[PDB]
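Structure first, commentary second.
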Amino acid sequence: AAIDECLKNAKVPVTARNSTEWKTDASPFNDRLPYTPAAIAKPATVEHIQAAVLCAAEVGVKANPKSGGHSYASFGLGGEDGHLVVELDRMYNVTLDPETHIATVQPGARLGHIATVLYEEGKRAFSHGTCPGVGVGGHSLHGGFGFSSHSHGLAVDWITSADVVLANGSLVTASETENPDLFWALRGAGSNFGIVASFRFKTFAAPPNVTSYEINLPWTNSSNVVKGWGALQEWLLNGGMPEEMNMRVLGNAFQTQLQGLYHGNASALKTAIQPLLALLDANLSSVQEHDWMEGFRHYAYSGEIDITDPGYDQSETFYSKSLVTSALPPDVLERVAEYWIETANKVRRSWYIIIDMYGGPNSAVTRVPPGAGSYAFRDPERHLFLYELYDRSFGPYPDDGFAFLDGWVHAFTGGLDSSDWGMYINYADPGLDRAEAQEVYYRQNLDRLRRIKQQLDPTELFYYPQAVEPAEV
Ligand SMILES: *Cc1cc2c(nc3c(=O)[nH]c(=O)nc-3n2C[C@H](O)[C@H](O)[C@H](O)COP(=O)(O)OP(=O)(O)OC[C@H]2O[C@@H](n3cnc4c(N)ncnc43)[C@H](O)[C@@H]2O)c(*)c1C
Ligand SMILES: *[C@@H]1O[C@H](CO)[C@@H](O[C@@H]2O[C@H](CO)[C@@H](O)[C@H](O)[C@H]2NC(C)=O)[C@H](O)[C@H]1NC(C)=O
Ligand SMILES: *[C@@H]1O[C@H](CO)[C@@H](O[C@@H]2O[C@H](CO)[C@@H](O)[C@H](O)[C@H]2NC(C)=O)[C@H](O)[C@H]1NC(C)=O
Ligand SMILES: *[C@@H]1O[C@H](CO)[C@@H](O)[C@H](O)[C@H]1NC(C)=O
Ligand SMILES: *[C@@H]1O[C@H](CO)[C@@H](O)[C@H](O)[C@H]1NC(C)=O
Ligand SMILES: *[C@@H]1O[C@H](CO)[C@@H](O)[C@H](O)[C@H]1NC(C)=O
Ligand SMILES: O[C@@H]1[C@@H](O)[C@@H](O)OC[C@H]1O
Ligand SMILES: O[C@@H]1[C@@H](O)[C@H](O)OC[C@H]1O
Ligand SMILES: O[C@@H]1[C@@H](O)[C@H](O)OC[C@H]1O
Ligand SMILES: O[C@@H]1[C@@H](O)[C@H](O)OC[C@H]1O
């Protein structure tokens with residue numbers, strides 16, 4: 001087709017439709033949501049990225065970058081058939097400056113590779129998600145929360161600059177002192193404004209020791225959930241969680257527990273966690289001290305950590321939702337708990353809920369000023385919890401299945417004003433229509449995002465079904 005011929009004349013490497021690598025390059029993380037690209041550009045340099053983008057523009061097809069391919073909605077494939085996919089997985093180099101400790105990171109680098117390089121070379125790190133296979137591209141541009149986030153913020157917070165290919169093939173570098181509107185827009189909604197061709201990340205010195213731990217919670221009836229969660233949110237909201245502690249509730253039908261990573265040794269953790277244990281009347285378990293990389297492997301849930309192989313093909317079949325909420329009124333706790341016990345526990349599929357200890361007075365995430373970036377959820381009291389709701393089938397996902405997580409989210413949102421909840425596009429939920437998605441993902445920052453979108457991508461070359469709409473002018 002015309003896109004193929006354009007790329008060929010432009011000397012852009014591609015994955016041919018009839019090649020073995022098509023299947024690999026085109027394959028979603030979420031097997032529920034395969035899409036067939038118009039074509040797959042396989043850039044080795046920013047020049048190839050520029051050329052691919054221009055080809056899409058000239059030919060008249062949409063284009064999207066695919067970094068790690070982990071979009072829960074397969075938005076790196078375009079979220080529908082027929083886009084040019086700019087597959088970035090051949091560009092995964094990580095360079096660490098020994099002086100400045102600034103890492104130059106190619107946009108197809110996955111988190112496990114980045115973490116390995118930074119640690120092996122200079123015992124450095126930045127704050128990012130768990131999951132070695134996740135691409136830095138989608139992850140860092142929309143937030144990126146992990147077991148260092150209470151201590152050190154989101155992945156997006158470690159970006160110091162980015163080189164970007166715009167919709168018309170122009171190159172720009174975005175930073176606090178250059179293209180500051182774009183730098184703002186990138187840092188929360190970056191899928192909408194161009195293809196980031198290179199990141200620079202600041203780093204922190206990796207702590208010599210981190211301690212993972214668990215606290216099993218007796219959340220087996222509604223009253224226990226309500227009282228437990230009620231205590232937990234009050235503790236968090238009142239500054240109970242120290243900066244070194246990073247923690248979440250993981251719940252499934254068969255067990256509920258807090259899971260933490262404490263940036264310090266086991267004796268320091270025990271002392272730090274005691275007030276919570278007394279409050280919940282609970283016990284610590286599985287206390288394990290680690291070096292930095294072993295801490296990362298602990299929550300990685302993956303054999304391979306330093307992943308760079310283009311054959312990468314981990315996939316699951318699932319539906320997922322997210323939320324960001326304030327503290328929950330007890331009426332909402334009750335509805336959410338009743339849903340958990342009476343509905344979620346009975347669902348005959350592998351589901352889980354994660355409630356991240358996200359905000360509160362000690363969180364690095366919510367110490368970032370409200371004007372710093374387009375990422376919306378920075379208020380230490382209003383943005384207290386981040387949630388992942390995940391509903392996985394082994395075999396085809398049932399078409400009536402969505403009502404399960406949909407109903408659960410309704411139990412929260414029925415009792416919260418729209419100023420007290422949002423959603424998180426790193427757990428992209430294609431159940432939301434375009435209008436709702438923009439609103440819930442970006443909330444108070446949507447209007448400025450729409451203005452920058454009209455300025456940088458007025459033709460919506462980088463369209464996907466939950467992309468920011470250009471402001472009308
Ligand atoms: C599969 C998976 C996802 C996880 C895991 N753990 C996470 C965690 O511990 N914390 C989190 O906050 N998130 C976690 N996630 C979710 C991932 O954070 C999101 O799914 C990321 O958005 C995925 O990033 P990536 O793998 O790069 O996904 P893509 O599908 O390639 O892209 C998503 C989105 O971003 C755009 N995009 C990619 N690359 C670029 C560049 N270079 N420039 C602009 N825009 C880019 C894509 O077009 C698409 O829109 C654990 C697991 C197992
Ligand atoms: C990432 O880094 C490696 C080197 O660390 C680059 O490898 C070079 O590749 C070129 C051809 O592409 C060869 O001529 C050199 O011999 C390679 N050097 C080494 C030391 O192996 C690689 O090009 C870089 N990849 C990207 C995508 O930028
Ligand atoms: C490519 O797009 C960029 C961004 O939309 C254009 O650069 C802008 O040009 C306008 C009009 O001159 C200026 O007001 C903006 O300040 C520019 N923005 C930036 C970030 O530089 C650029 O003109 C476009 N190039 C072409 C050939 O159309
Ligand atoms: C602490 O970290 C060091 C490396 O920094 C590691 O070698 C050691 O085993 C760790 N200690 C424990 C108890 O895990
Ligand atoms: C819930 O379970 C606890 C035991 O964990 C029990 O004491 C309590 O009475 C139960 N509450 C209800 C309402 O069933
Ligand atoms: C644990 O860390 C503290 C610092 O918070 C330090 O004083 C103490 O020596 C450490 N304990 C061990 C066994 O390394
Ligand atoms: O509610 C129950 C759930 O919690 C789990 O134990 O599996 C059986 C279900 O009936
Ligand atoms: O463990 C992972 C969790 O950290 C992330 O939030 O969502 C995906 C899970 O696999
Ligand atoms: O460098 C910053 C760090 O000091 C803070 O803790 O988290 C946000 C980062 O941008
Ligand atoms: O029906 C919707 C489905 O098409 C989408 O993939 O996931 C959300 C569902 O509500």
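Residue numbering restarts at 1 in every chain; chains get A, B, ... in the order shown in the structure tokens, and ligands count up from 1 in that same order.
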
List every residue of chain A that has an atom at most 7 Å from any atom of ligand 9, giving for each one its closest atom pair and the distance in Å to one decimal, counting only C-alpha atoms and all ligand atoms, sorted by chain and then by ascending residue number, as a tab-separated table.
residue	atom	partner	partner_atom_place_in_ligand_line	distance
A:151	CA	ligand 9	6 (O)	6.7
A:152	CA	ligand 9	6 (O)	4.3
A:153	CA	ligand 9	7 (O)	4.6
A:157	CA	ligand 9	10 (O)	4.1
A:158	CA	ligand 9	10 (O)	4.8
A:202	CA	ligand 9	1 (O)	6.9
A:364	CA	ligand 9	6 (O)	5.1
A:365	CA	ligand 9	7 (O)	6.8
A:368	CA	ligand 9	8 (C)	6.4

Export of prior selection with C-alpha atoms as a PDB file, in the first residue's frame:
ATOM      1  CA  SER A 151       9.787   7.580  48.471  1.00  0.00           C
ATOM      2  CA  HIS A 152      10.679   9.116  45.082  1.00  0.00           C
ATOM      3  CA  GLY A 153       7.631   9.879  42.945  1.00  0.00           C
ATOM      4  CA  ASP A 157       9.009  12.848  37.743  1.00  0.00           C
ATOM      5  CA  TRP A 158      12.480  11.665  36.791  1.00  0.00           C
ATOM      6  CA  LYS A 202      17.728  12.059  36.484  1.00  0.00           C
ATOM      7  CA  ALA A 364       6.834  12.173  47.002  1.00  0.00           C
ATOM      8  CA  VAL A 365       4.133  11.688  44.335  1.00  0.00           C
ATOM      9  CA  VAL A 368       5.095  17.580  43.046  1.00  0.00           C
TER      10      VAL A 368
END

**Request:** Check segment 339-459 of chain A with DSSP on the backbone and list each residue it calls alpha helix (DSSP H), as a PyMOL selection string.
**Result:** chain A and resi 339-342+402-413+434-442+446-456

Residues as selected, N, CA and C atoms, written as a compact mmCIF listing (two decimals), in the first residue's frame, can you do that?
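So the final result, stored in selection24.txt, reads:
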# COMPACT_ATOMS: atom_id res chain seq x y z
N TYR A 339 -19.67 -5.05 47.51
CA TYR A 339 -19.40 -5.52 46.16
C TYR A 339 -18.27 -6.56 46.16
N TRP A 340 -17.24 -6.29 46.96
CA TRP A 340 -16.07 -7.15 47.06
C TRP A 340 -16.49 -8.53 47.52
N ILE A 341 -17.23 -8.56 48.62
CA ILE A 341 -17.56 -9.80 49.28
C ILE A 341 -18.64 -10.57 48.55
N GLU A 342 -19.66 -9.87 48.07
CA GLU A 342 -20.84 -10.52 47.51
C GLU A 342 -20.79 -10.71 46.02
N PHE A 402 -17.49 -7.47 31.48
CA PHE A 402 -17.16 -6.09 31.81
C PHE A 402 -18.01 -5.54 32.95
N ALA A 403 -19.23 -6.05 33.09
CA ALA A 403 -20.14 -5.57 34.12
C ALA A 403 -19.55 -5.76 35.51
N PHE A 404 -18.67 -6.73 35.66
CA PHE A 404 -18.04 -6.98 36.98
C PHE A 404 -17.21 -5.77 37.44
N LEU A 405 -16.12 -5.46 36.75
CA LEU A 405 -15.37 -4.27 37.15
C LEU A 405 -16.16 -2.99 37.00
N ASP A 406 -17.06 -2.92 36.01
CA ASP A 406 -17.87 -1.70 35.85
C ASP A 406 -18.70 -1.42 37.09
N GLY A 407 -19.31 -2.47 37.63
CA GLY A 407 -20.16 -2.35 38.79
C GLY A 407 -19.33 -1.98 40.01
N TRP A 408 -18.12 -2.51 40.09
CA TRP A 408 -17.26 -2.23 41.23
C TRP A 408 -16.87 -0.75 41.23
N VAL A 409 -16.53 -0.22 40.06
CA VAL A 409 -16.17 1.19 39.98
C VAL A 409 -17.36 2.09 40.35
N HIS A 410 -18.55 1.72 39.89
CA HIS A 410 -19.77 2.42 40.27
C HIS A 410 -19.97 2.51 41.79
N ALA A 411 -19.56 1.48 42.52
CA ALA A 411 -19.66 1.50 43.98
C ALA A 411 -18.81 2.62 44.58
N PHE A 412 -17.71 2.97 43.93
CA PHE A 412 -16.89 4.10 44.38
C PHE A 412 -17.50 5.42 43.92
N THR A 413 -17.76 5.53 42.62
CA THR A 413 -18.03 6.83 42.02
C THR A 413 -19.42 7.36 42.36
N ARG A 434 -14.51 8.36 24.37
CA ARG A 434 -13.43 9.32 24.23
C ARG A 434 -13.60 10.53 25.14
N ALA A 435 -14.81 11.09 25.18
CA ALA A 435 -15.07 12.25 26.04
C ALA A 435 -14.84 11.94 27.52
N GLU A 436 -15.39 10.82 27.99
CA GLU A 436 -15.24 10.49 29.38
C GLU A 436 -13.77 10.24 29.68
N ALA A 437 -13.08 9.53 28.80
CA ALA A 437 -11.70 9.13 29.06
C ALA A 437 -10.79 10.34 29.30
N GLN A 438 -10.88 11.31 28.40
CA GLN A 438 -10.09 12.55 28.54
C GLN A 438 -10.36 13.23 29.87
N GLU A 439 -11.65 13.27 30.24
CA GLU A 439 -12.07 13.95 31.45
C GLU A 439 -11.53 13.26 32.69
N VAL A 440 -11.69 11.95 32.75
CA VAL A 440 -11.30 11.20 33.94
C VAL A 440 -9.79 10.99 34.04
N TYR A 441 -9.11 10.87 32.90
CA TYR A 441 -7.67 10.69 32.90
C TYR A 441 -6.89 11.94 33.26
N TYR A 442 -7.39 13.11 32.83
CA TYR A 442 -6.66 14.36 32.94
C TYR A 442 -7.32 15.47 33.76
N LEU A 446 -7.17 18.91 31.49
CA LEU A 446 -7.65 18.62 30.16
C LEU A 446 -7.65 19.85 29.27
N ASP A 447 -8.17 20.97 29.77
CA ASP A 447 -8.37 22.13 28.88
C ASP A 447 -7.04 22.62 28.29
N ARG A 448 -6.01 22.73 29.12
CA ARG A 448 -4.71 23.15 28.62
C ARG A 448 -4.11 22.09 27.69
N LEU A 449 -4.27 20.82 28.04
CA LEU A 449 -3.86 19.73 27.15
C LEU A 449 -4.49 19.85 25.76
N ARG A 450 -5.78 20.18 25.71
CA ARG A 450 -6.48 20.33 24.42
C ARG A 450 -5.92 21.51 23.63
N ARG A 451 -5.54 22.57 24.33
CA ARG A 451 -4.96 23.73 23.66
C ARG A 451 -3.60 23.39 23.06
N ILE A 452 -2.76 22.70 23.82
CA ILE A 452 -1.44 22.29 23.32
C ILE A 452 -1.60 21.29 22.19
N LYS A 453 -2.62 20.44 22.28
CA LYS A 453 -2.86 19.47 21.21
C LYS A 453 -3.16 20.14 19.87
N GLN A 454 -4.00 21.16 19.88
CA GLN A 454 -4.29 21.91 18.66
C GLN A 454 -3.01 22.54 18.12
N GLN A 455 -2.12 22.97 19.01
CA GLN A 455 -0.90 23.63 18.58
C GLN A 455 0.12 22.68 17.99
N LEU A 456 0.22 21.48 18.55
CA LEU A 456 1.27 20.54 18.16
C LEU A 456 0.81 19.43 17.22

**Request:** Can you work out which one of A:367, A:83, A:349, A:321 has the shortest atom-to-atom distance to residue 424 of chain A, counting only C-alpha atoms?
**Result:**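 Nearest to residue 424 of chain A: A:321.
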
Near ligand 1, 6 Å: chain A residue rows, closest pairs, only C-alpha atoms and all ligand atoms, as JSON lines:
{"residue": "A:64", "atom": "CA", "partner": "ligand 1", "partner_atom_place_in_ligand_line": "48 (O)", "distance": 4.7}
{"residue": "A:65", "atom": "CA", "partner": "ligand 1", "partner_atom_place_in_ligand_line": "48 (O)", "distance": 4.2}
{"residue": "A:66", "atom": "CA", "partner": "ligand 1", "partner_atom_place_in_ligand_line": "31 (O)", "distance": 3.5}
{"residue": "A:67", "atom": "CA", "partner": "ligand 1", "partner_atom_place_in_ligand_line": "31 (O)", "distance": 3.6}
{"residue": "A:68", "atom": "CA", "partner": "ligand 1", "partner_atom_place_in_ligand_line": "26 (O)", "distance": 3.0}
{"residue": "A:69", "atom": "CA", "partner": "ligand 1", "partner_atom_place_in_ligand_line": "30 (O)", "distance": 3.4}
{"residue": "A:70", "atom": "CA", "partner": "ligand 1", "partner_atom_place_in_ligand_line": "26 (O)", "distance": 3.8}
{"residue": "A:71", "atom": "CA", "partner": "ligand 1", "partner_atom_place_in_ligand_line": "30 (O)", "distance": 3.7}
{"residue": "A:72", "atom": "CA", "partner": "ligand 1", "partner_atom_place_in_ligand_line": "20 (O)", "distance": 5.7}
{"residue": "A:74", "atom": "CA", "partner": "ligand 1", "partner_atom_place_in_ligand_line": "30 (O)", "distance": 5.7}
{"residue": "A:75", "atom": "CA", "partner": "ligand 1", "partner_atom_place_in_ligand_line": "50 (O)", "distance": 4.7}
{"residue": "A:76", "atom": "CA", "partner": "ligand 1", "partner_atom_place_in_ligand_line": "30 (O)", "distance": 3.9}
{"residue": "A:107", "atom": "CA", "partner": "ligand 1", "partner_atom_place_in_ligand_line": "42 (N)", "distance": 4.8}
{"residue": "A:129", "atom": "CA", "partner": "ligand 1", "partner_atom_place_in_ligand_line": "9 (O)", "distance": 3.4}
{"residue": "A:130", "atom": "CA", "partner": "ligand 1", "partner_atom_place_in_ligand_line": "9 (O)", "distance": 3.8}
{"residue": "A:131", "atom": "CA", "partner": "ligand 1", "partner_atom_place_in_ligand_line": "51 (C)", "distance": 4.1}
{"residue": "A:134", "atom": "CA", "partner": "ligand 1", "partner_atom_place_in_ligand_line": "26 (O)", "distance": 4.1}
{"residue": "A:135", "atom": "CA", "partner": "ligand 1", "partner_atom_place_in_ligand_line": "27 (O)", "distance": 3.5}
{"residue": "A:136", "atom": "CA", "partner": "ligand 1", "partner_atom_place_in_ligand_line": "27 (O)", "distance": 5.3}
{"residue": "A:137", "atom": "CA", "partner": "ligand 1", "partner_atom_place_in_ligand_line": "39 (N)", "distance": 3.6}
{"residue": "A:138", "atom": "CA", "partner": "ligand 1", "partner_atom_place_in_ligand_line": "35 (O)", "distance": 3.2}
{"residue": "A:139", "atom": "CA", "partner": "ligand 1", "partner_atom_place_in_ligand_line": "21 (C)", "distance": 3.9}
{"residue": "A:144", "atom": "CA", "partner": "ligand 1", "partner_atom_place_in_ligand_line": "12 (O)", "distance": 3.6}
{"residue": "A:145", "atom": "CA", "partner": "ligand 1", "partner_atom_place_in_ligand_line": "12 (O)", "distance": 4.0}
{"residue": "A:146", "atom": "CA", "partner": "ligand 1", "partner_atom_place_in_ligand_line": "9 (O)", "distance": 4.8}
{"residue": "A:190", "atom": "CA", "partner": "ligand 1", "partner_atom_place_in_ligand_line": "44 (C)", "distance": 5.2}
{"residue": "A:191", "atom": "CA", "partner": "ligand 1", "partner_atom_place_in_ligand_line": "45 (N)", "distance": 3.5}
{"residue": "A:194", "atom": "CA", "partner": "ligand 1", "partner_atom_place_in_ligand_line": "44 (C)", "distance": 5.6}
{"residue": "A:195", "atom": "CA", "partner": "ligand 1", "partner_atom_place_in_ligand_line": "43 (N)", "distance": 3.7}
{"residue": "A:196", "atom": "CA", "partner": "ligand 1", "partner_atom_place_in_ligand_line": "43 (N)", "distance": 3.9}
{"residue": "A:197", "atom": "CA", "partner": "ligand 1", "partner_atom_place_in_ligand_line": "42 (N)", "distance": 5.8}
{"residue": "A:426", "atom": "CA", "partner": "ligand 1", "partner_atom_place_in_ligand_line": "19 (C)", "distance": 4.0}
{"residue": "A:427", "atom": "CA", "partner": "ligand 1", "partner_atom_place_in_ligand_line": "16 (C)", "distance": 5.6}

Can those selected residues be exported to a file as a short mmCIF file (atom, residue, chain, number, x, y, z; two decimals), in the first residue's frame so that it contains N, CA, C and O atoms?
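Here's the written file result_6.cif:
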data_model
loop_
_atom_site.label_atom_id
_atom_site.label_comp_id
_atom_site.auth_asym_id
_atom_site.auth_seq_id
_atom_site.Cartn_x
_atom_site.Cartn_y
_atom_site.Cartn_z
N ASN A 64 1.15 5.63 15.58
CA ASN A 64 1.38 5.60 17.02
C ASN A 64 2.68 4.91 17.34
O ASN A 64 2.98 3.90 16.73
N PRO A 65 3.43 5.42 18.32
CA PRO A 65 4.59 4.71 18.81
C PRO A 65 4.20 3.55 19.69
O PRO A 65 3.21 3.63 20.43
N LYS A 66 4.96 2.47 19.60
CA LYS A 66 4.83 1.31 20.48
C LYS A 66 6.19 1.09 21.11
O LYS A 66 7.20 0.82 20.41
N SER A 67 6.25 1.25 22.42
CA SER A 67 7.50 1.09 23.16
C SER A 67 7.55 -0.33 23.74
O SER A 67 8.12 -1.22 23.13
N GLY A 68 6.92 -0.57 24.88
CA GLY A 68 6.87 -1.90 25.48
C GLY A 68 5.66 -2.72 25.07
O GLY A 68 5.60 -3.93 25.30
N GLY A 69 4.68 -2.05 24.46
CA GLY A 69 3.44 -2.69 24.02
C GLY A 69 2.51 -3.11 25.12
O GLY A 69 1.62 -3.92 24.86
N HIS A 70 2.70 -2.59 26.35
CA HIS A 70 1.85 -2.96 27.49
C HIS A 70 0.51 -2.26 27.64
O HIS A 70 -0.22 -2.56 28.56
N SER A 71 0.16 -1.34 26.74
CA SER A 71 -1.15 -0.70 26.86
C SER A 71 -2.24 -1.75 27.10
O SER A 71 -2.41 -2.66 26.30
N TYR A 72 -3.03 -1.56 28.14
CA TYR A 72 -4.13 -2.49 28.42
C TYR A 72 -5.23 -2.43 27.34
O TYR A 72 -6.10 -3.31 27.26
N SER A 74 -4.27 -1.75 24.10
CA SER A 74 -3.48 -1.90 22.87
C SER A 74 -3.37 -0.60 22.09
O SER A 74 -3.31 -0.61 20.85
N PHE A 75 -3.30 0.52 22.81
CA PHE A 75 -3.15 1.82 22.16
C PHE A 75 -1.84 2.04 21.41
O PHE A 75 -1.79 2.88 20.52
N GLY A 76 -0.79 1.28 21.75
CA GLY A 76 0.47 1.31 21.00
C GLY A 76 0.32 0.73 19.61
O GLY A 76 1.09 1.05 18.73
N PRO A 107 13.73 5.12 23.61
CA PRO A 107 12.34 5.07 23.98
C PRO A 107 11.72 3.68 23.98
O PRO A 107 10.61 3.54 24.46
N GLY A 129 7.60 1.59 37.70
CA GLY A 129 6.71 0.52 38.00
C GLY A 129 7.42 -0.80 38.15
O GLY A 129 8.61 -0.92 37.92
N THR A 130 6.66 -1.80 38.57
CA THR A 130 7.12 -3.15 38.67
C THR A 130 6.82 -3.69 37.28
O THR A 130 5.96 -3.17 36.58
N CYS A 131 7.46 -4.76 36.87
CA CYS A 131 7.14 -5.31 35.56
C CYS A 131 8.29 -4.97 34.63
O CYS A 131 8.29 -3.91 34.01
N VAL A 134 7.69 -3.74 30.76
CA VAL A 134 7.02 -2.50 30.46
C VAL A 134 7.97 -1.52 29.78
O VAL A 134 9.13 -1.38 30.16
N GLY A 135 7.47 -0.85 28.74
CA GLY A 135 8.30 0.08 27.99
C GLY A 135 8.35 1.41 28.70
O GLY A 135 7.36 1.86 29.23
N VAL A 136 9.51 2.06 28.67
CA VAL A 136 9.66 3.38 29.30
C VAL A 136 8.78 4.43 28.61
O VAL A 136 8.34 5.40 29.23
N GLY A 137 8.48 4.19 27.34
CA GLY A 137 7.71 5.14 26.56
C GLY A 137 6.34 5.42 27.12
O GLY A 137 6.02 6.55 27.52
N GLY A 138 5.51 4.39 27.17
CA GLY A 138 4.14 4.59 27.65
C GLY A 138 4.13 4.82 29.14
O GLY A 138 3.34 5.59 29.69
N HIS A 139 5.02 4.14 29.82
CA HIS A 139 5.03 4.19 31.26
C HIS A 139 5.34 5.58 31.78
O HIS A 139 4.55 6.12 32.57
N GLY A 144 3.52 6.40 36.13
CA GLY A 144 4.42 5.30 36.41
C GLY A 144 4.70 5.17 37.89
O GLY A 144 5.59 5.82 38.42
N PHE A 145 3.93 4.30 38.54
CA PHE A 145 3.92 4.14 39.98
C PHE A 145 4.47 2.75 40.33
O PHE A 145 4.03 1.73 39.76
N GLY A 146 5.38 2.71 41.30
CA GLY A 146 5.91 1.47 41.78
C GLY A 146 6.32 1.52 43.24
O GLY A 146 5.85 2.36 44.02
N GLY A 190 1.80 12.26 27.32
CA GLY A 190 2.78 12.30 26.23
C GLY A 190 2.47 11.50 24.98
O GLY A 190 3.04 11.76 23.92
N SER A 191 1.54 10.57 25.06
CA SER A 191 1.11 9.81 23.88
C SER A 191 0.40 10.67 22.85
O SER A 191 0.21 10.24 21.72
N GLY A 194 3.50 13.68 20.18
CA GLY A 194 4.63 13.39 19.32
C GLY A 194 5.20 12.05 19.73
O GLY A 194 4.65 11.39 20.60
N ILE A 195 6.25 11.63 19.06
CA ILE A 195 6.94 10.42 19.47
C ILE A 195 8.22 10.86 20.15
O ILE A 195 9.05 11.52 19.53
N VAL A 196 8.34 10.55 21.42
CA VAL A 196 9.58 10.81 22.15
C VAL A 196 10.63 9.84 21.60
O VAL A 196 10.43 8.63 21.60
N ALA A 197 11.72 10.41 21.09
CA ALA A 197 12.79 9.64 20.47
C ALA A 197 13.96 9.42 21.40
O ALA A 197 14.79 8.55 21.13
N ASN A 426 -2.29 4.67 32.45
CA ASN A 426 -1.38 3.56 32.43
C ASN A 426 -2.09 2.23 32.71
O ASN A 426 -1.53 1.18 32.46
N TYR A 427 -3.33 2.29 33.19
CA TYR A 427 -4.24 1.13 33.18
C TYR A 427 -5.45 1.46 32.27
O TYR A 427 -6.61 1.57 32.70
#

Distance table requested - chain A against ligand 10, cut-off 9 Å, only C-alpha atoms and all ligand atoms: one row per qualifying residue with the closest atom pair and its distance in Å to one decimal, ordered by chain and rising residue number, as JSON lines.
{"residue": "A:32", "atom": "CA", "partner": "ligand 10", "partner_atom_place_in_ligand_line": "6 (O)", "distance": 7.5}
{"residue": "A:33", "atom": "CA", "partner": "ligand 10", "partner_atom_place_in_ligand_line": "6 (O)", "distance": 6.7}
{"residue": "A:73", "atom": "CA", "partner": "ligand 10", "partner_atom_place_in_ligand_line": "6 (O)", "distance": 7.1}
{"residue": "A:319", "atom": "CA", "partner": "ligand 10", "partner_atom_place_in_ligand_line": "7 (O)", "distance": 6.6}
{"residue": "A:320", "atom": "CA", "partner": "ligand 10", "partner_atom_place_in_ligand_line": "7 (O)", "distance": 8.4}
{"residue": "A:399", "atom": "CA", "partner": "ligand 10", "partner_atom_place_in_ligand_line": "1 (O)", "distance": 7.4}
{"residue": "A:400", "atom": "CA", "partner": "ligand 10", "partner_atom_place_in_ligand_line": "1 (O)", "distance": 8.6}
{"residue": "A:401", "atom": "CA", "partner": "ligand 10", "partner_atom_place_in_ligand_line": "9 (C)", "distance": 8.6}
{"residue": "A:402", "atom": "CA", "partner": "ligand 10", "partner_atom_place_in_ligand_line": "10 (O)", "distance": 5.7}
{"residue": "A:403", "atom": "CA", "partner": "ligand 10", "partner_atom_place_in_ligand_line": "10 (O)", "distance": 7.9}
{"residue": "A:406", "atom": "CA", "partner": "ligand 10", "partner_atom_place_in_ligand_line": "10 (O)", "distance": 8.2}
{"residue": "A:429", "atom": "CA", "partner": "ligand 10", "partner_atom_place_in_ligand_line": "8 (C)", "distance": 6.6}
{"residue": "A:430", "atom": "CA", "partner": "ligand 10", "partner_atom_place_in_ligand_line": "7 (O)", "distance": 4.7}
{"residue": "A:431", "atom": "CA", "partner": "ligand 10", "partner_atom_place_in_ligand_line": "8 (C)", "distance": 3.3}
{"residue": "A:432", "atom": "CA", "partner": "ligand 10", "partner_atom_place_in_ligand_line": "8 (C)", "distance": 7.1}

**Message:** Give me, as a PyMOL selection string, all polymer residues having an atom no more than 9 Å from segment 266-276 of chain A, counting only C-alpha atoms and skipping those fewer than 2 positions away in the same chain.
**Reply:** chain A and resi 210-213+232+235+240-242+244-245+262-264+278-282+284+287-289

**Prompt:** Can you tell me which residues sit at most 9 Å away from ligand 7, counting only C-alpha atoms and all ligand atoms, written as a list in words?
**Reply:**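 The distance check yields residues 220, 252, 253, 254, 255, 340, 341, 342, 343, 344, 345, 346, 347 and 348 of chain A.
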
Could you save those same residues with N, CA and C atoms as a short mmCIF file (atom, residue, chain, number, x, y, z; two decimals), in the first residue's frame?
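Writing the result to part38.cif gives the following:
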data_model
loop_
_atom_site.label_atom_id
_atom_site.label_comp_id
_atom_site.auth_asym_id
_atom_site.auth_seq_id
_atom_site.Cartn_x
_atom_site.Cartn_y
_atom_site.Cartn_z
N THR A 220 -12.59 -10.71 54.96
CA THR A 220 -13.43 -11.83 54.54
C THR A 220 -14.90 -11.54 54.76
N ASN A 252 -7.36 -10.44 46.16
CA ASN A 252 -8.04 -11.30 45.19
C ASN A 252 -9.07 -12.10 45.95
N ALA A 253 -9.75 -13.03 45.29
CA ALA A 253 -10.84 -13.76 45.95
C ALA A 253 -10.38 -14.62 47.12
N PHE A 254 -9.08 -14.92 47.16
CA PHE A 254 -8.53 -15.95 48.05
C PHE A 254 -7.58 -15.42 49.11
N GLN A 255 -7.09 -14.20 48.94
CA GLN A 255 -6.28 -13.57 49.98
C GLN A 255 -6.25 -12.06 49.77
N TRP A 340 -17.24 -6.29 46.96
CA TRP A 340 -16.07 -7.15 47.06
C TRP A 340 -16.49 -8.53 47.52
N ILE A 341 -17.23 -8.56 48.62
CA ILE A 341 -17.56 -9.80 49.28
C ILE A 341 -18.64 -10.57 48.55
N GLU A 342 -19.66 -9.87 48.07
CA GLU A 342 -20.84 -10.52 47.51
C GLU A 342 -20.79 -10.71 46.02
N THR A 343 -19.98 -9.91 45.32
CA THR A 343 -19.89 -10.02 43.88
C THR A 343 -18.49 -10.47 43.46
N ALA A 344 -17.48 -9.64 43.74
CA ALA A 344 -16.11 -9.93 43.28
C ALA A 344 -15.66 -11.33 43.72
N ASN A 345 -15.84 -11.66 44.99
CA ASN A 345 -15.40 -12.97 45.48
C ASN A 345 -16.04 -14.16 44.77
N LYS A 346 -17.20 -13.94 44.16
CA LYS A 346 -17.92 -15.01 43.46
C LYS A 346 -17.63 -15.09 41.98
N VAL A 347 -16.92 -14.11 41.43
CA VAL A 347 -16.61 -14.11 40.01
C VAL A 347 -15.63 -15.24 39.69
N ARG A 348 -15.98 -16.04 38.70
CA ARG A 348 -15.26 -17.29 38.44
C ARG A 348 -14.11 -17.09 37.44
#
